[PDB]
């Protein structure tokens, strides 16, 4: 049918590394206003992560070049660097606004399992965090607050509906800790959240699923890696 066709097209685009087309295919599935399968949520998440991740990488490269030129004072170059950075910031805003609109109009309203609700509020936290990463002043404070509110909603559902070993719950704890570290400049709160999620998983390692034990284990190493980076 149409839904299986769009999923197949998403998988072809993924193999071909044509992530715009992957996004467009999974947006059409999301627009059907149905509960996505695990596989469909994962394809949607990978598509947007690749499309935004190319611009986040470009932004950090351009920003690094800008610092270097600020240290040499090359003013001709800085006008061009700043205008190029601003063009990438425009694309980051458009991509984040696209998935955020899909989450608000289709995915969050059709979500009817604890897993799917945590997944979608977490993704909303992630995309407002990406809006906050490169933002200044008011725009940064507004993105940071929207991000924080979505991560709290995800955390509330995750704490009541998912075991502490669930990879969506661990992946939420990882990204939320990163939010506290990078966006709110709070290493203490970042460390507390990451250590608490790690310790709660250790306490109930009997809740590890055959389906996701290696995902859970990887995310628990990433929590430990942040703690290594932050302490």
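Residue numbers count along the first chain shown, from 1.
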property: 67-75 or 109-117, whichever carries the higher mean Cα B-factor; result: 67-75
property: Per the entry, higher mean C-alpha B factor between 120-128 and 100-108; result: 100-108
property: Most elevated Cα B-factor in the entry, residues 146, 138, 86, 155; result: 138
property: Where the record places residue 58 (Cα B-factor, split into thirds across the chain); result: lowest
property: Chain-wide C-alpha B factor ranking for residue 15, given as lowest, middle or highest third; result: lowest
property: For residue 81, the third of its chain into which the C-alpha B factor falls; result: middle
property: Record-listed C-alpha B factor of residue 219: chain third; result: middle
property: CA B-factor placement of residue 49, once the chain's modelled residues are sorted into thirds; result: lowest
